[PDB]
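One chain follows as structure tokens, the form deposited in one PDB entry.
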């Protein structure tokens, strides 16, 4: 009914974003493990697998977040990478 139409129209899915690490030929594998542990709360085993995905697949998804939180993860990870003088790029794509 009218109430039911109002309900339908308020069920637009959240805008979510994958946060992604992109491979490069200069960033140490150990540093990527560090990144995944420090900023994404991965245990060492899971961090190591994702890091290997970055290296062998070209990129890996670190997790999926609201747009606001995703932009905050990207900013932090890149800052941490630059201050350690690595080119590691963390970016976003809409899920």
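Only residues modelled in both forms are compared. Numbering follows the first chain given and starts at 1. So that the term is clear: the rigid core is the largest set of C-alpha atoms that superpose within 1.5 Å between two forms.
Absent from the display: the form solved in complex with a partner chain. The rest refers to it.
Asker: Does at least one non-hydrogen atom of residue 41 fall within 4.5 angstroms of the partner chain in the deposited bound form?
Answerer: Contact with the partner chain, yes.
Asker: Please determine whether residue 20 contacts the partner chain in the deposited bound form, using a 4.5 Å cut-off between heavy atoms.
Answerer: Result no; residue 20 lies far from the partner chain in the deposited bound form.
Asker: Residue 72 versus the partner chain, in the deposited bound form: is there a non-hydrogen atom within 4.5 Å?
Answerer: Result yes; residue 72 sits at the interface with the partner chain in the deposited bound form.
Asker: Is residue 57 close to the partner chain in the deposited bound form, meaning a heavy atom pair under 4.5 Å apart or at it?
Answerer: Result no; residue 57 lies far from the partner chain in the deposited bound form.
Asker: Core fitted, what stretches of 3+ consecutive residues have C-alphas moving by 2 Å or more between this form and the one not shown?
Answerer: Shifted segment: only 9-14.
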